[PDB]
Amino acid sequence: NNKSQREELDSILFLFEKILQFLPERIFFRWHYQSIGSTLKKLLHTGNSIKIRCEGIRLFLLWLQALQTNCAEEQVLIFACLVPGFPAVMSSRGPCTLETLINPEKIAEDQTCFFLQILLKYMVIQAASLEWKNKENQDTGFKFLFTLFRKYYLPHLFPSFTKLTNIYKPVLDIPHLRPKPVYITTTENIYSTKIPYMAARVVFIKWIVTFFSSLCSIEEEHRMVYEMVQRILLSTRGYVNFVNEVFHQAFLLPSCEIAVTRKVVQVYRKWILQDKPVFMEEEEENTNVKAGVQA
């Protein structure tokens with residue numbers, strides 16, 4: 001291999017991205033399905049650098065986004081095993097990971113956030129043409145991706161996830177006390193908790209909050225698309241309930257890394273007693289929320 005060869009393979013990846021963007025309808029018609037799958041599997045080689053693996057994951061995400069709901073079982077299984085460190089997905093063949101699926105600088109299981117930020121800003125590159133297409137294709141791909149992520153990764157990420165929060169039919173109870181998790185007080189000495197899969201919850205809640213605190217438009221190159229994804233997050237009843245439930249899951253984390261809760265406090269300060277969005281203006285049923293502020 002050479003730097004010229006590295007640039008050639010990067011240009012091959014860029015041409016792959018361009019051919020996915022320029023021809024979404026052809027991809028939706030499973031064009032070169034076996035060839036695309038083989039190319040993705042070859043590019044998903046774990047023996048290369050972190051950049052190569054990230055590019056392969058990005059290309060796989062774009063391919064499944066353009067394919068929408070036409071992805072087969074192996075695409076879903078690969079998608080469910082894209083981020084390592086998670087338990088092997090219970091498939092028909094059996095437990096498996098990405099390494100054994102493709103083969104039938106230390107990673108700190110932080111590839112979840114990189115994967116999520118790749119999914120976000122590359123869903124918004126809008127492989128949908130919008131010509132010979134419709135405006136609905138802007139929202140459909142991201143809705144499908146969010147639904148799949150919530151179906152697969154969310155239940156394991158949130159072991160305490162449950163369905164209580166709902167503005168419509170507002171059933172309310174009285175919360176009670178909770179025990180104290182053990183703090184190892186190890187490694188200024190920052191603290192942590194022995195409960196597995198907690199940093200993933202912190203990252204997920206922080207990202208959800210940053211989409212809502214969603215101020216100052218620092219990036220300035222992906223801001224209209226952030227507004228688009230904000231509308232997607234608040235454009236349906238189900239996503240409304242999901243946002244309320246993730247906020248309820250917030251404020252429940254242990255004392256370690258509690259600054260995320262204050263972010264939710266700032267979000268609610270911006271919402272109530274301030275500019276009130278359509279979210280509080282007075283199964284998905286209607287796009288308009290029209291939820292009373294009292295509930």
# chains A, B, ... in the order shown; residues from 1 in each chain; ligands from 1

$ residues_around --residues "residue 156 (chain A)" --least-positions-apart "6" --cutoff "12 Å" --atoms "only C-alpha atoms" --output "PyMOL selection string"
chain A and resi 80+85-89+149-150+196-198+200-201

$ write_last_selection --atoms "N, CA, C and O atoms" --output "PDB file, in the first residue's frame"
ATOM      1  N   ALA A  80     -26.897  -4.134  14.155  1.00  0.00           N
ATOM      2  CA  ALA A  80     -26.999  -4.353  15.591  1.00  0.00           C
ATOM      3  C   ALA A  80     -25.659  -4.682  16.236  1.00  0.00           C
ATOM      4  O   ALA A  80     -25.551  -4.610  17.465  1.00  0.00           O
ATOM      5  N   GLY A  85     -18.574  -4.173  22.170  1.00  0.00           N
ATOM      6  CA  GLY A  85     -18.758  -4.046  23.597  1.00  0.00           C
ATOM      7  C   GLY A  85     -20.132  -4.428  24.099  1.00  0.00           C
ATOM      8  O   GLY A  85     -20.294  -4.654  25.305  1.00  0.00           O
ATOM      9  N   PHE A  86     -21.120  -4.506  23.222  1.00  0.00           N
ATOM     10  CA  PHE A  86     -22.470  -4.929  23.544  1.00  0.00           C
ATOM     11  C   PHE A  86     -22.574  -6.449  23.506  1.00  0.00           C
ATOM     12  O   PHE A  86     -21.789  -7.113  22.823  1.00  0.00           O
ATOM     13  N   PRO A  87     -23.525  -7.031  24.236  1.00  0.00           N
ATOM     14  CA  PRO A  87     -23.715  -8.483  24.165  1.00  0.00           C
ATOM     15  C   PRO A  87     -24.092  -8.917  22.757  1.00  0.00           C
ATOM     16  O   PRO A  87     -24.743  -8.182  22.011  1.00  0.00           O
ATOM     17  N   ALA A  88     -23.656 -10.121  22.395  1.00  0.00           N
ATOM     18  CA  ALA A  88     -23.926 -10.646  21.064  1.00  0.00           C
ATOM     19  C   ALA A  88     -25.426 -10.738  20.818  1.00  0.00           C
ATOM     20  O   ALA A  88     -26.183 -11.235  21.656  1.00  0.00           O
ATOM     21  N   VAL A  89     -25.852 -10.250  19.654  1.00  0.00           N
ATOM     22  CA  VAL A  89     -27.272 -10.194  19.334  1.00  0.00           C
ATOM     23  C   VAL A  89     -27.801 -11.602  19.108  1.00  0.00           C
ATOM     24  O   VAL A  89     -27.206 -12.397  18.369  1.00  0.00           O
ATOM     25  N   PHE A 149     -32.881   2.035  15.868  1.00  0.00           N
ATOM     26  CA  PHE A 149     -31.980   2.219  17.001  1.00  0.00           C
ATOM     27  C   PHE A 149     -32.716   2.042  18.323  1.00  0.00           C
ATOM     28  O   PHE A 149     -32.213   1.378  19.237  1.00  0.00           O
ATOM     29  N   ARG A 150     -33.916   2.618  18.436  1.00  0.00           N
ATOM     30  CA  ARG A 150     -34.709   2.449  19.648  1.00  0.00           C
ATOM     31  C   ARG A 150     -35.132   1.001  19.846  1.00  0.00           C
ATOM     32  O   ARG A 150     -35.202   0.527  20.984  1.00  0.00           O
ATOM     33  N   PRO A 196     -22.939  -1.726  35.105  1.00  0.00           N
ATOM     34  CA  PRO A 196     -22.510  -1.765  33.704  1.00  0.00           C
ATOM     35  C   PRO A 196     -23.418  -0.936  32.809  1.00  0.00           C
ATOM     36  O   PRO A 196     -24.595  -0.711  33.101  1.00  0.00           O
ATOM     37  N   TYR A 197     -22.839  -0.483  31.696  1.00  0.00           N
ATOM     38  CA  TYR A 197     -23.558   0.272  30.669  1.00  0.00           C
ATOM     39  C   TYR A 197     -24.212   1.524  31.252  1.00  0.00           C
ATOM     40  O   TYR A 197     -25.435   1.676  31.250  1.00  0.00           O
ATOM     41  N   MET A 198     -23.378   2.428  31.761  1.00  0.00           N
ATOM     42  CA  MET A 198     -23.835   3.705  32.297  1.00  0.00           C
ATOM     43  C   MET A 198     -23.292   4.895  31.519  1.00  0.00           C
ATOM     44  O   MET A 198     -24.003   5.891  31.336  1.00  0.00           O
ATOM     45  N   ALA A 200     -22.792   4.856  28.382  1.00  0.00           N
ATOM     46  CA  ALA A 200     -23.651   4.907  27.205  1.00  0.00           C
ATOM     47  C   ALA A 200     -24.927   5.688  27.492  1.00  0.00           C
ATOM     48  O   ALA A 200     -25.375   6.487  26.661  1.00  0.00           O
ATOM     49  N   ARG A 201     -25.524   5.472  28.668  1.00  0.00           N
ATOM     50  CA  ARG A 201     -26.703   6.242  29.051  1.00  0.00           C
ATOM     51  C   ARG A 201     -26.374   7.723  29.166  1.00  0.00           C
ATOM     52  O   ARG A 201     -27.156   8.578  28.730  1.00  0.00           O
TER      53      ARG A 201
END

$ residues_around --residues "residue 246 (chain A)" --least-positions-apart "6" --cutoff "9 Å" --atoms "only C-alpha atoms" --output "JSON list (two decimals) with N, CA and C atoms, in the first residue's frame"
[["chain", "number", "residue", "atom", "x", "y", "z"],
["A", 161, "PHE", "N", -35.86, 1.38, 31.27],
["A", 161, "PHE", "CA", -36.79, 2.06, 30.39],
["A", 161, "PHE", "C", -38.19, 1.47, 30.54],
["A", 205, "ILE", "N", -28.21, 10.52, 26.80],
["A", 205, "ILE", "CA", -28.99, 11.61, 27.38],
["A", 205, "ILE", "C", -28.37, 12.95, 27.02],
["A", 208, "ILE", "N", -29.31, 13.74, 23.40],
["A", 208, "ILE", "CA", -30.71, 14.11, 23.29],
["A", 208, "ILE", "C", -30.92, 15.53, 23.81]]

$ atom_distance --atom1 "CA of residue 11 (chain A)" --atom2 "CA of residue 71 (chain A)"
25.6 Å

$ select_by_dssp --residues "region 84-291 of chain A" --states "alpha helix (DSSP H)" --output "ChimeraX atom specification"
/A:98-102,111-123,136-157,199-210,223-233,237-249,259-271

$ residues_around --residues "residue 117 (chain A)" --least-positions-apart "5" --cutoff "12 Å" --atoms "only C-alpha atoms" --output "JSON, numbers by chain"
{"A": [54, 57, 58, 61, 110, 111, 112, 122, 123, 124, 203, 204, 207, 208, 210, 211, 222, 226]}

$ atom_distance --atom1 "CA of residue 269 (chain A)" --atom2 "CA of residue 116 (chain A)"
26.8 Å

$ atom_distance --atom1 "CA of residue 41 (chain A)" --atom2 "CA of residue 199 (chain A)"
29.1 Å
